[PDB]
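The form deposited in one PDB entry is given below as one chain in structure tokens.
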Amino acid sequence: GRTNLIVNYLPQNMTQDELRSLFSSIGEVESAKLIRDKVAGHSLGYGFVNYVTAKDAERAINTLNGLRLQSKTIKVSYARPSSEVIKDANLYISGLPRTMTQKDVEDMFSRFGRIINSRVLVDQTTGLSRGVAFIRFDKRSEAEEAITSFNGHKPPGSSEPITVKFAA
């Protein structure tokens, strides 16, 4: 069974030692790593926790996924095997009709492959979608297929062409 977890949405000032200690409450941790920028040294707000046992990893997901830490809500999920293929697979999308929900956006992009995570940005003044979304695919080839299919194109029921590009 799987033992290795990726932990996203860590507080900016959380240390590797703090990550390890937090997750050690569940069971015996084989290793924990906080990912930091190579050039300047700041946390990138995500890390990996590898448990000795698969039951502990599973319990950690059920217990700690969604845990509030400072102003963050952490995500705890199984890490996919580390590989070049999974990197840079994150899309920025704009021009979406404001009536599209997160699920609607996911429904629209799911044909291209497995979706890792997604977000539709909301205007906090009005509560309405900004028509801007993020969608990360399992593999960069999947995101590329989405770009070529959708970028510059109007969704059915909308007169507005959308932009689909790699995020950043």
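Residue numbers here begin at 1 and follow the sequence given.
Across the two stretches, 66-74 and 131-139, the PDB entry reports the greater mean Cα temperature factor for 66-74.
In this crystal structure, the stretch out of 108-116 and 34-42 whose C-alpha atoms carry the higher mean B factor is 34-42. Ranked by C-alpha B-factor against the other modelled residues of its chain, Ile162 falls in the middle third. Ranked against the other modelled residues of its chain, the C-alpha B-factor of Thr53 as given in the entry falls in the middle third. In this PDB entry, the Cα temperature factor of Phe150 sits in the top third of its chain's modelled residues, the highest group.
There is also a form deposited in another entry; it is not shown, and the following applies to it.
Two rigid parts of the chain rotate against each other between this form and the one not shown, and of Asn62, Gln124, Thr101, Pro81 the one at the hinge is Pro81. Relative to what is shown, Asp138 and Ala79 are farther apart in that other deposited form; their C-alpha atoms differ in spacing by at least 3 Å. Whereas the shown form places them at one spacing, the Cα atoms of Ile86 and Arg59 lie at least 3 Å closer in that other deposited form.
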